[PDB]
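Just the one chain here, laid out as structure tokens, in the form deposited in one PDB entry.
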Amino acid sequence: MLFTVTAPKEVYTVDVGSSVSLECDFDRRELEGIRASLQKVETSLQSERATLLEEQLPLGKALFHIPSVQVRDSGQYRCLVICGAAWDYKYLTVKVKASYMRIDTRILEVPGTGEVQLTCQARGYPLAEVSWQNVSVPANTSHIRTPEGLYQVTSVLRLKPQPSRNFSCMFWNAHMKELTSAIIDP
């Protein structure tokens, strides 16, 4: 046979908590004996997360649906199609993202020092950087991983409170090319 599989799109970028539909096309000219599958490659076992949408097979498309994609679903996959005594495959990459959209803020006065302590905290993916707008004093920024694999990023700024000044913490998610921010009025 002349049987081949093609992948029109090699990289899928997916919001955490939304679905993907990973696609490989195949040569219909080269139906009962067709076997299409998806493996996650990490070993490469068959995916238990993806459902083959088998109604697309007649159109020459192997489409695999994964609901509610999580950080652990990121990585490389192999679509495989076997047709009689022939087979072919392609690799696909799922990149995941989660916007740092919910930013929790806190204001406290630090006992003894007279300084104020400002905190911003947000969860997202991949790792964000934080800066504070028009502030010369560096903040202390750190992260942990959440049970679902997100980053929880916390930035803490300690300084003498200057009159009528609001402070804005800016989360930069480089991979998303996204800036999100929150304003703190002390």
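Numbering starts at 1 and follows the sequence shown. If you superpose the two forms and keep the largest set of C-alpha atoms that fall within 1.5 Å, you have the rigid core.
There is another form of this protein, the form deposited in another entry, and it is not shown here; the text below is about that form.
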Superposing on the rigid core, I want to see if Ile82 changes position between this form and the one not shown - specifically a Cα shift of 2 Å or more.
yes
Aligning on the rigid core, do we see the C-alpha of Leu157 shift 2 angstroms or more between this form and the one not shown?
no
After the core is matched up, is the C-alpha of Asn140 off by 2 Å or more between this form and the one not shown?
no
